[PDB]
Every structure is written in structure tokens, then in C-alpha cells.
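Student: Would you mind keeping the following structure in view while I ask a few things?
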6 protein chains.
Amino acid sequence: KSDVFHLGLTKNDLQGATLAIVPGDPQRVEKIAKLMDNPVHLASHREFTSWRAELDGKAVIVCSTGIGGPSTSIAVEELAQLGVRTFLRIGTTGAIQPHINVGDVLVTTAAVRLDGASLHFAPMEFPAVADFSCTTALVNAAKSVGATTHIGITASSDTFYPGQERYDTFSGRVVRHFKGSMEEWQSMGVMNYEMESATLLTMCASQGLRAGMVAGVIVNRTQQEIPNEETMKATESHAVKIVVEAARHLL
Amino acid sequence: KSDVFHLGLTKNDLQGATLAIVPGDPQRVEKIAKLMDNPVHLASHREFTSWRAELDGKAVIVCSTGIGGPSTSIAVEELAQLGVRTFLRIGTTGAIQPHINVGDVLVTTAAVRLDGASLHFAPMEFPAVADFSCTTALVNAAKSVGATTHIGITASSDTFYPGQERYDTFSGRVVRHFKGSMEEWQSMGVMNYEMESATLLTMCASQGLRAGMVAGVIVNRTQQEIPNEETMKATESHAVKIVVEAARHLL
Amino acid sequence: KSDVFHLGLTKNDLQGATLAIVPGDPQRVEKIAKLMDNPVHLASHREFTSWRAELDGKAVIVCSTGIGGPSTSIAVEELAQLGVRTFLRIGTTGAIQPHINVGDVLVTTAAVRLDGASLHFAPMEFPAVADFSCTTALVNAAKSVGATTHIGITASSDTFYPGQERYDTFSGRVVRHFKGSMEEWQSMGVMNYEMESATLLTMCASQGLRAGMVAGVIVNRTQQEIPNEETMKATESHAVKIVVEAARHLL
Amino acid sequence: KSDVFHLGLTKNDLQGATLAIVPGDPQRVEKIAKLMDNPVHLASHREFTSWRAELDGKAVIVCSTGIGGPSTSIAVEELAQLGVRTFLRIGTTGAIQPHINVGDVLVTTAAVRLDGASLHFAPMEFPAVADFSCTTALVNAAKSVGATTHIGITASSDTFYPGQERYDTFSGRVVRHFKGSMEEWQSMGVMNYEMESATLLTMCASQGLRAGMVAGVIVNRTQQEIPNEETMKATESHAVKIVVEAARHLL
Amino acid sequence: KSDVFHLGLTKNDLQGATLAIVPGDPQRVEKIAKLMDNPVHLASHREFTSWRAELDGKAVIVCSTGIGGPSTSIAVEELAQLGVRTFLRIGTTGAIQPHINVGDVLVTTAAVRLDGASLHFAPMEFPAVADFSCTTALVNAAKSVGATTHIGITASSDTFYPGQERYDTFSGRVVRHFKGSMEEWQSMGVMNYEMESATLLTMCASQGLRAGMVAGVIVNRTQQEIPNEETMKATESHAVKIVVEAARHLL
Amino acid sequence: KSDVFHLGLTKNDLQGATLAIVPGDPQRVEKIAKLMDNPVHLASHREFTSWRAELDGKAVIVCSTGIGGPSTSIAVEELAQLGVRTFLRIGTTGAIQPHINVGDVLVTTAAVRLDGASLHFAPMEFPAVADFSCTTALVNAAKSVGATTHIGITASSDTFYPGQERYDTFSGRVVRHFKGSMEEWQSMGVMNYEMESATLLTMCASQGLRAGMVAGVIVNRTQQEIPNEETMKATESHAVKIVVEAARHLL
Ligand code: NA
Ligand code: NA
Ligand code: NA
């Protein structure tokens, strides 16, 4: 029935699309697609929800990755088999630097590889670096909408707790090599934690594919406030506008 | 609001459940729950679909993990915060040993850690070993229903493609350290590949939680046939019967 | 003269034995063999003392390994060349968990690989896991004699000091990566330290051989008492009875 | 006496300079400085030759690093202590990709860390990534002068010979882990080999300093010609023009 | 009771000895001691047989280590607690270089660390280097008795079989990282394989103790002959003469 | 023009020299050469300044290496291609042990490999050990001039700051794995820090070349005094006299 093992998609479903916008949450896919022209639901299998839309007369696919490098690596590989050559990740994120504020935009140049899947594509010495054209388009798009933008390194963790040094957990334990790790990243100028960029960027950079990542800040762990639903929604829309505007320049 | 960050659940949702059956696919959760009494949909957030049911008068939770260690680690942590102390994984898998046949059942004693998330809980030297009571219950459940059972080691990979040495891919490339790795695992008596057990077993064994894993064989890489959809579903149902029967003896 | 390089044994010496009981101390071999029928000294070369005996009419070999993975690996390989397929380690051990008491029995499901020899058989990601049939027989045997039994993970160290974080030593120094390591293992639920299981279990699990391990607790490092010779002898005999009873079910 | 241990410079020597152009060869520093206004020799200590010049009315420093990460790390640290916040490396290089031609220009987004000094600033997981403003300035400068430009990843090696898989050597030997490594990098889209960028980029990105790198192609390993001395000098001058032009936009 | 946990010795047993000759085989200790004055049996516990003797009027101890780093580490620590500051290892070995002949003598300057126990004392970067006074004494002793001597590096392996690339074994398997390793060592000028020097040398060099090692060649892997038992014994005696003569100059 | 890529030397320039004295500083080369007969400047390219001189009627080359393993590895390789088989490093160094005084001489038996270039010749397990004949000649030469000599291990770092745990720096930061590292080395008996020996010794020991290293102590970090220029010059000359005297015995 399907041309790929997981996504439940055919080559025909994409209608010639060579660019994908890849959020983490399957529920965010519809919201992104409906910003563009003629949006249509393609398929929903497991954590992979896909919509097609049109941007300046060209087909674009929006496809969820799920949380983490493993599911991300499946989505990227199978979209590549369906003709996608450019991948733009859109997210919402915390920040770990005092100068980054809620509502700010982060463009990731490269990731600290605290994942496992990146290693299935390149050894650790290989940089988890974003594509220059993608990063440039994201920076320009953020500037065009008047965003407060920070450009730099993101720590990409296979866990959303220990790996991000969270202690309000079931065991309250963080393994030795991750204990004190957040302070290390902070001292090295790392902007934030997320969970997919190390895999996404390493995979694409070693596979002849283009990848970039943008994210809107919803919380800062050095000045931690409970996020407001109104502000989070606005920040999400702000970041989505940027990723779509960047995509217009990468078609 | 929910009591946890990702699962969209409250403590009350579980109604006292301390055991979880944890498949990968959100769309497979309902079918497992309906083997038991009073199956009820709890939540569907991102790749995490959860249903409550009753087994021998005791509340049990069935919750999907999504694909890979990262999302699995989130599901296990948040279920633990909601009172789950026992985790049984059920899946379907491809075998890498000639003596294992399609329709056979695999009980995993421990995993080869080809993931990243396990390292966030214990250093590599720590064994990704299953809980003995869980393993025993699974073995007993398998032999009680007349299964052909293999007990042993599973290779647990952060990728579906290069980490399992698949070459029919976009790039056709497999990185040096994974090239020839399948033959290595075969030579050491490893039964199969899957994508979540290294994280699940390492996390639970180091956090005072009990975990086990069972899987039905749908393909054998050494004598590779295209699986019949009917046979796949039958083997899936067979493995699900075993995981539920095992759960009865762990309550 | 001999069929093997180290053990000083011939195929004929074993009289068809396919199961070995493997203690560490050459002096313990006679005591174990004499619990069974028709015991006879076979050979004593270096740290390798071997006796043959009969269990339910079947020949069984008891052979010392010496201290550590290297000598253990030699004993296992050369016994395998002499037809041994099942190896049961019997020991006396300390414990590092408050709930484990002197006189209790520990059955090891898998080992933390703090050795070097295991790596000569499999990379670190491979689990140092015991054979399920062997572990099952040991657990059943312990239950049959009314033992207080703990089942779980053992830390297996190439040293009996630094690697076990002992400071009352010549230098009083423990290298950085082992400093604070005991607390790490304790927090992860590890039962005890010993010095051979990482090699034994990794080697057997990767070589198509069956291995299990049982040990009697003589000291607890969280509530450390000087052991009494009377109690140590009783605990040794208690554990030996278990390993022989388990062996009866694995012939 | 000097204000620093190796460079033989005082704070006053820089006359307010906060940007450095950092070539490898001490004997190449003068030629770069004389592109700009009022070029003056500052010091020549060991492999560190430094000249001051003025670019658009702002003092700039040109300082050699010597060959390799170790001497580079000294130059960067001591220049930082003297007020330098931006570091632009200029070099000439051999390409390892068929599409890259002699006379082409390479802008490095990030480096494969085949060095040792980068590890003294950040663990291997940290990306050896260039500063985005620096990279942008270099790309813009390259296209402004009509260069044929390639943007991407560079392999940065602690050796000229075995680490770059050269076999026409004294021993003719290349150690196992580097044997076949060039093919690996080529398969991942790595552009070229050089010897300083892993250290330079990792150090700067983790120390709150900005760094970029540009290089002129003098040979291609896949279509290897003996370079013409005239062409080498012309390509060198072309790359130097680009680094200086980029510097104008970073002041 | 004894003053140490394993050796079964008291401080008084050594009668002031501060130098130990440490062979592997317990059954070889007596023969070494009887080269010297008033040889007396001290203890035989597990693989640790110890004899006292007098050399030029000074008490010396000969104590077996057993096979491998783990038991060696125990013997060295406990002898150190009993006042031993100098450790000289004597063994017999197989060479891996064409120019080294049966009956030749090898003095080890340092070891390739293919063991686990050395890591319990120093990280891998630390050299497994012999004490210069010990090495000098051994070299001088060798040339004083008309030996054909080779001075250099020894590969020290935690296994006799796979770690030394032996394939005539039960499984016939050698794990990937050790497959082809012998050729690697040969290419780097490594003289031979043995099983204890990495632990012995690393431990002593990091604990303020002096260590050296000498061995007689009984076989050459590149020109492999079955050793004659007479020749083996003669070469053993020759090496023992050298270790004792060296000891005279270290008192 | 030149027979090698970097040094700017021909085979004829060396006039049959097979021994090189290799200081770090290009400015020190003239001073060393002029201690011998008929000194002549050969070439000066980048950090590589070379002089030829005559010692007991035999040609010897003095050639600078620059700072660090990478430039050292180039100098050693290209000198080897020009017929040099013996390399003697001469330096001035700090010390990290309380018993070592300013003006003392250090002879290095082996290095702690805190570099990157050594790995391009041998894996980490391989010892960075000096040649016995070279070390012997240096020790004898130091004794002949009445030096206070310490013989042992040197920590060889790719950086002159962080890697040597210096905090009076631009960032004041030392990466986690180097934080507290100096105390570790001190506790293990390491004499001093320098920056070239790990590469030099590993490279030579694995390439069939002979290498030794001697250095004069100018500062002690446990009792840190500002060095006097008079004393530093005397110590430099003292060490140079030793390296030349040692060279006389290695021709
Ligand atoms: Na997922
Ligand atoms: Na240099
Ligand atoms: Na032993």
C-alpha cells in the first residue's frame, strides 16, 4: 500500500515536494500546513502525521518526527526516499542562558551530540552542523518579522530529564557524567536543550541533505517562570511564521 | 491540567495501576486494552496513547512509547511518577539467527546497547538486563500458550536503517563502525534487532523498576521472506496474549 | 601429555561431563566434589584444581578458576574444548545494599563490566547476562533449601581494592573514575562486588555456552561486621548445596 | 617584558585591535598586513609572528599560529588576553571531493575533530562550529570578488601524514583507525583536510569568541595534479583578499 | 591470622624484605627461591605461593601472581602493605617479531595495555612504563650472562586466546576489535604477548613502586615451532638467573 | 627545490647525519649547533629552523619542532625521510612535584598522552615510551656533568593552559575532565608538564625510530617562584651540554 515502511506515504502524495517542515508534535502539523495554500491531510501513522500544502505555487510537505533521534531518523530517511532534500525543524524550547528571554527565537548553528542516533551516521568527531543556506534563510526570516534572535549552539539530549539535569523526578538521581553537565554547557555558551537536532543535523550533513532548525523560547531555566498559554501560542505562531518564510527562500 | 509533562495524565487516571504494558505504536494500544476488563481511553498526547483496563480485578495501564529510546524514556519516567513499578514491552521483530522462525516468540534477557538514552541512566558497563520475575512470567506465559520460544539477547538500535545494516536506502551508506556489525552480533548469538529495549531495560534496572520484553517474529533476515499481513497480525496477537498472561502473574 | 595448554586435563578425565561447577579457590574444589558421588582428584596445575564427581549417575567436573577474568577465561575455554557447555559459578561475597544480610544468597542476572577480559569477547555495549535456564535452576535450588535470596545485578571488578573503592590501602588513593563509583552502583540497585562474573557471563553468552552464578553473603559494607568463621563456613556450605542442587536440573 | 608568555606582545602593541587574522605560516603574516593601512611588525617569537595594520580606520592584528592545534591554542588564548574577540583563519588546502576545483574557495561551517587540543576545551560531543557572523562575512566576501565557493565541513587533523591517509612516507604505515578514514569522510561530504580548524573553532565557540575559516584550494586528492607555484600564490592571494574583505564587515 | 586478605602472610614473614620476584606460576616459586640463601616456604593460599630467601645477606620474597592483572594487582598491593617496594617479574613468552629467536631474552620497557586492571590505577593515557633502575638492572644482568637481548614494548593481554589472536579454539571466533590486532602490534615493533605486565607496570608506576620485567622466548609466532621441553626449561632457568642477578643490584 | 614538504631541506644538507637534536624553539637551534664543530645554518621555514654541526667527526642535525605534536610529527617524519633515525628532545620545563628543584634535570621514560597526534600513530593503549639506549645516554650524560636528575613520567599536553590546569586565563574555565587533573598526575608521581613528548615518543616507538627527552627545570608549581634570567640561561646551557654529551654516545 505504502512506498515506505513507516510514514504511509507514496511519491504521488508529495506532488513533487522537495522541502519538508518537520515539527515534533503530530498535532502541530495541521496548524503549520494551514498557514500555506491548499492544505491537505496525507497520512497519520504512529507518531508521523503528514500534510501537504503549497508555498508560492510549489508543493511543500509538513511531517511530524515524534520525540527523539530514532523516530526523527526514520522520518528523514523515508521523506528522502520520497524526494525531500531540505528539512526545516520548527520547535518550542527552554533556554539555559540568562540573556535569552521568553518569546525570543533561537536559530541553531550546530548541536552538542548528547544522543545515540547521530552515531549511526557519523562518528562523534563529526560535527552536528546545520546547512548554511537553511540557517541563513531562518536568520533572514526572523529578522523580516522583527524577532529577537539568538544564533548558536543547542544541546541535543536523548532524554528530557536526566540528560537535561532535571532532579524533580521519580528517582531524583542523575548519572555521574550528566551531573553538573548543564553548568558545563552554560559556561560554553550553549543556548538551550532540545531532543532532535543532534540526529537531524548529523544525519542530513552526512547524507547530502540540507537541514536547519528554529525554535521559540517558552521558558528560561535561569529565571524560570510558569509559561502563559496565551504567550506560548503567540510564540509558537511567531516561530511557525519564520519557518514558513524561510522555506519560501529555499524552494 | 495533567500531572505530567507529556502523557496528558493525572494520578487518578490510573485508578491505582502499578503495571503498564508498553507497545511502540499508539494505534495498537486500544487492541491490547480490549483483551482485558472495562477498557477505557485515558489520553492521546503526541505519540503517547494510553488506555486503562482491569486484569483479575486490578487496574492496568496500556501506554504507547513511540519509536526509540528518547520517547520511551519519557513514557517510563512519567508513568513511574504516576505509580507504575512494572513495565512489560510487547513488539514484533525480525530475527537474525537461522534457527528462529516466523511466528516464534522471543523473550529478551538483556540488550546490546546500540542506543543513546540508556547512557543517560547508567554508563555502558552497566547491563541492559531484564527483571527476572518479568522474564520468568513471560517465559511461563509463552510455554502455557504453546509458543515456540527463544530466550536470549536482543540488539537494541537507535536507528531502523544503518544501525540494523540496511543498505536499500537513500544513500546506501552504512558508517564504518556499523558496517559488518550484524555479522558480529550473529556470531555472538544475538537473536534479533529492535529499537527500545536497551533504553527500557537499562532505565528500569537502574531506577528500581521491573521490566521485561517479549516479541513475535515476523521476518528472518537470514532466510528473508515478505511477511504475510495475516501472519503478522496473528503473530502480533499471539505475542499480545503472552504479555497479558505474563502480567496476570506480576500483579 | 595434556589435551589443553593450562588445565592439565584430557577428554577422558571428564568421562563425558558437560557441566562444570567453577569456584575461585583451588582449595574449595575438593569440598564441592565430595558432596557428590565417587569424587576423584583429576589435576592441579597453577590456579586450576579439578575434581570429577557423579550427580544422579552423570559425571560432573569441579574446576577452580583463580581470581579474575583472565584465569577464568582460560578455564572456561579449555573446559569448553573438553566438552563442558554449562558453567555454574559458586562464590562467597560482600554486599553493598542495606537490605541484604549476612547468610543471604545472591543470584546474579547480569554483571556491571568493570573488567578487561569481557571486552576480548564482545564490545562494551554487549550485556554480561547470565543464561536463563542456569539462573532459573539456581533460584529454584535456593528456594528448595529455604534460602533468603536476592536476584539482580553484580558489579564485577578487575581489582579487589580501588575498583571496589577501598581506601585502607598502601597508597590510600582511588583513581578519579572509580572515586565515588560505589555510591553510583548502590543508587542503581547493584547488589555486590566480585571479580569474575563480567568475564564469565560475557564470554559464555557470546560463545554459545550456558553460565550462571550464585554466592553466599559473608559481609555487608553498609553495616560492616567482622565475619565469624562458623557462620562463613555455614554460608559456604549453604551456597554449595544450592549450586549442586541447581546442577541436578541442568544435566 | 611582554604581557603574555609566548607571543612577545603587550596590550599596547595592538592599539585597540579586537580582530585577528590568523594564518599558519609566520612568513605569510607580513604579506597579509600590507593589504591594509600602516602595516607594522609587532613581534616574532618562536612560530608567532605578529603585525599590526589598520582596516577602515580600525587597528587589526595579523598573527601566525604555527602548524597544529597546540600552537594555535596558545596564539588564540594570548590574543584573547590582549583583547581579540574575533579570529579569522586563512589557509590553502587540498580538497577530497571531485566537484571542488583548484582555485576554488572553501568556507568551513564546522570541523571533524581529528585533533587533540579541542578536547581541552570541550568534550567530543561539542560541535567544532564556526561563528555565523564570521561565516556569513566570508561567504559574502567570496561572492563579492567572484569566487567559486564551497560551504561545508572540513576534516581537521593533528597530522599531515597518517591522519590524512598519506602512504608515501618513511614507514608507509597508517594505523588501523585512520586506514580507510579518507573514504569515510568523502562519503559524508567532507570537503577537505587541514590541521587547525578543529582547535580554533571548538576553542572559540566554547570561550565566547567568534571564529571563521576560509581556504583556497591548491590540489584535489581525487584528481591529483602537481600544483603550479604561480597558481598556488594566486589562490593564496585570492583567499587573503576574501579574509580581509570579510574582516571589514566584522569590525 | 594473616596481616593481609589473600596472601596469608604477616609482616614478620618477610623478615625485612623490600624486594619481590613475582612469577606467574605458584609451582615455579620454590625453584626461584632455591637459587638464593636459606629458602623457606612462607605460605600457599589460592594462587599465591610465597617463599623467603636471602640474597647477599638481604631477605627477598618470591611470590606468585597467578595468571592475569586481577590476581597480580592483589599480590602487588598486599606485598606493598608488607613492605615490598620493588617488583621484578620473570616469565616465558612467545615473540611476534621475525628477528627474535627461541632462547632470546626480552626486557620490557613498557606495555600495550590490553588489560582491565591497569585502568583501576590510571586512565589509558598513562603509560604502562617500567622503572628505569629495574630495566637497567635487567639489561645489565642479561648482558653479564651472555644473553641475546631485545629491549622494547610488550603487548599485555587479559586473555590467552582471542586477545592474542588465537583461532584454534572452541568457537574459532575473534571479536572485531581484536581481529587483525596482532598485525597492528607487529607493525609498531611490539616484541611479544604476555598477560600481566600492563597491570604490574601501570600499578607500580602510579603507586610509587618500582617494577621491571624480563622473559625468555620459548616460541616465535612468525616462525612457529613446537617448543622442546628441555629448551623451555633451559630458557626459563636462563631468565630466572637474569632476574636474580638484576635483584642483587637493586637491593 | 626541497626534498621534503615543510623543512626546506635536501638529503645533501644533512651530509650523512642520522641523529637529530630537536628543541622546540627555532631560536634555540643556533645555540645548540654552536656547541659542536663546524656549525652551519641549513634552512628556516615556518617553525622549522635547522643547523648542521659535527660531533666527534660525524654530522649531526639540530632542528626545531615548534610547539605541539602536530608540528613535531612533521619534523620527525621529514627528518626520517632525510635519514635521521635517532631523535633527542631538549627542553626547559616546569615541575609539579615538591622534591624537584629549579636547576634540576628531568629525563623522561614515558609520557602521559594528553595529546592528539600520538593517536595518529598508535591507539591509546600503546605506551608513549622512550628508547632505552637514548634514555640511558641521557642519564649517563647528566651524571657525567654532575646534574641533579629525576627519571620518570611526563604529562604531555596539547595545550599550555587548560590541559595544564591554568586558571589565570581569558575565560578562567577548565573543562570538566581536566579540572582536578593536575592533582591526579601529582598523586601518580608524574614529574612535569610539557607539550611534545607524547607525540614524539609514540611516533618514534611505533615507527622504528629512537627517541629520548631531557629537560632542565626552570619553575616548580608547588613552590612557584618567578624565574631569574641568569638561572634560566644557566639551566638551558646545562641541559644542552647533557643532550650533546648523550648524542656522542648514540652516533
Ligand atoms: Na518517538
Ligand atoms: Na607549531
Ligand atoms: Na589468577
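Residue numbers start at 1 in each chain; chains themselves are named A, B, ... in the order of the C-alpha cells; ligands are numbered from 1 in the order shown.
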Neighbouring residues of residue 29 of chain A were defined as those with any atom within 7 Å, considering only C-alpha atoms; residues of the same chain fewer than 3 positions away were excluded. Please report them as a JSON list (two decimals) with C-alpha atoms, in the first residue's frame.
Tutor:
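As a result, out_22.json now contains:
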```
[["chain", "number", "residue", "atom", "x", "y", "z"],
["A", 23, "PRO", "CA", 7.83, 19.65, 13.84],
["A", 26, "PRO", "CA", 1.82, 15.31, 15.19],
["A", 32, "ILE", "CA", 1.64, 24.76, 10.07],
["A", 33, "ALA", "CA", 0.12, 23.40, 6.83],
["A", 49, "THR", "CA", 1.36, 12.90, 10.73],
["A", 50, "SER", "CA", 1.84, 14.43, 7.29],
["A", 51, "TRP", "CA", 0.13, 17.28, 5.45],
["A", 62, "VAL", "CA", 4.77, 19.12, 6.74],
["A", 63, "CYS", "CA", 5.58, 15.93, 8.65],
["A", 64, "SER", "CA", 5.92, 15.21, 12.37]]
```
Student: According to DSSP computed on the backbone, where in segment 36-146 of chain A is there strand (DSSP E)? Give the residues as an MDAnalysis selection string.
Tutor: chainID A and resid 37:45 48:55 58:63 86:95 105:114 128:129
Student: Extract, using only C-alpha atoms, all DNA, RNA and protein residues at most 9 Å from segment 75-86 of chain C, discarding same-chain residues fewer than 4 positions from it, and format them as a ChimeraX atom specification.
Tutor: /C:3-7,9-12,14,16-22,48,61,63-66,70-71,134,200,203-204,208-212,250-251 /E:161,169-170
Student: Please return, as a ChimeraX atom specification, all residues of segment 20-228 of chain D that DSSP assigns to helix (DSSP H, G or I) on the basis of the backbone.
Tutor: /D:26-33,69-81,117-120,132-144,162-164,181-187,197-206
Student: Can you work out which residues from chain F touch chain A at a cut-off of 9 Å (counting only C-alpha atoms) and hand them back as number ranges by chain?
Tutor: F: 173, 175-176
Student: Include N, CA and C atoms and write out the residues we just selected as a compact mmCIF listing (two decimals), in the first residue's frame.
Tutor:
```txt
# COMPACT_ATOMS: atom_id res chain seq x y z
N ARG F 173 38.10 29.22 32.83
CA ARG F 173 37.41 27.94 32.81
C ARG F 173 38.38 26.81 32.46
N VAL F 175 37.78 22.75 31.39
CA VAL F 175 36.78 21.73 31.08
C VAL F 175 36.81 20.60 32.12
N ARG F 176 35.63 20.03 32.38
CA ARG F 176 35.41 19.06 33.45
C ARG F 176 36.51 18.00 33.63
```
Student: Using only C-alpha atoms, which protein or nucleic acid residues come within 7 Å of residue 117 of chain F? Drop anything in the same chain fewer than 3 positions from it, and give the result as a list in words.
Tutor: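 The neighbour list is residues 115, 116, 158 and 159 of chain D; 69, 70, 120 and 199 of chain F.
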Student: Would you compute the distance between atom CA of residue 95 of chain A and atom CA of residue 206 of chain A? Give it in Å to one decimal.
Tutor: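 Rounded to one decimal, the two atoms are 27.6 Å apart.
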Student: Can you pull out the residues contacting residue 55 of chain E? Cut-off 9 Å, using only C-alpha atoms, and skip same-chain residues under 5 positions away; I want them as a ChimeraX atom specification.
Tutor: /E:36-37,60,244,247-248,251
Student: Taking N, CA, C and O atoms for each residue, export the selection above as a short mmCIF file (atom, residue, chain, number, x, y, z; two decimals), in the first residue's frame.
Tutor:
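Listed below is the output, out.cif:
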```cif
data_model
loop_
_atom_site.label_atom_id
_atom_site.label_comp_id
_atom_site.auth_asym_id
_atom_site.auth_seq_id
_atom_site.Cartn_x
_atom_site.Cartn_y
_atom_site.Cartn_z
N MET E 36 68.85 -18.84 45.86
CA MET E 36 69.35 -17.94 46.88
C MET E 36 69.54 -18.65 48.22
O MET E 36 69.37 -19.87 48.31
N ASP E 37 69.92 -17.90 49.25
CA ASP E 37 70.26 -18.48 50.55
C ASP E 37 69.05 -18.70 51.45
O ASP E 37 68.10 -17.93 51.43
N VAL E 60 64.66 -11.51 50.73
CA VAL E 60 63.93 -11.26 49.49
C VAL E 60 62.71 -12.18 49.50
O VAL E 60 62.74 -13.24 50.12
N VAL E 244 67.33 -12.76 39.12
CA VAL E 244 68.00 -12.84 40.41
C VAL E 244 69.25 -11.95 40.42
O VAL E 244 69.48 -11.20 41.38
N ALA E 247 68.21 -8.42 40.64
CA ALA E 247 67.77 -8.15 42.01
C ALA E 247 68.93 -7.77 42.93
O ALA E 247 68.77 -6.92 43.81
N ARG E 248 70.10 -8.39 42.72
CA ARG E 248 71.29 -8.11 43.53
C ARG E 248 71.69 -6.64 43.45
O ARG E 248 72.21 -6.09 44.42
N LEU E 251 69.05 -4.02 45.52
CA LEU E 251 68.95 -4.10 46.98
C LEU E 251 69.56 -2.86 47.64
O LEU E 251 70.34 -2.14 47.03
#
```
Student: Could you please determine the separation between atom CA of residue 197 of chain A and atom CA of residue 73 of chain B in Å, to one decimal place?
Tutor: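 Value for the atom CA of residue 197 of chain A-atom CA of residue 73 of chain B distance: 17.6 Å.
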Student: Excluding same-chain residues fewer than 4 positions from residue 111 of chain F, what lies within 8 Å of it counting only C-alpha atoms, as a ChimeraX atom specification?
Tutor: /E:126-127 /F:127-129,153-156,197-198,201
Student: Could you check which of E:89, E:162, E:135, E:196 is closest to ligand 3, using only C-alpha atoms and all ligand atoms?
Tutor: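 Using only C-alpha atoms and all ligand atoms, the shortest distance to ligand 3 belongs to E:196.
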Student: Find the spatial neighbours of residue 144 of chain F, counting only C-alpha atoms, within a cut-off of 10 Å - ignore same-chain residues fewer than 6 positions away - and output them as JSON, numbers by chain.
Tutor: {"F": [138, 242, 245, 246]}
Student: Record the distance separating atom CA of residue 224 of chain B and atom CA of residue 165 of chain B, expressed in Å with one decimal.
Tutor: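 According to the coordinates, atom CA of residue 224 of chain B and atom CA of residue 165 of chain B are separated by 14.4 Å.
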Student: Kindly indicate which residue among F:40, F:243, F:53, F:74 lies nearest to ligand 2, using only C-alpha atoms and all ligand atoms for the distances.
Tutor: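 Closest to ligand 2, using only C-alpha atoms and all ligand atoms: F:74.
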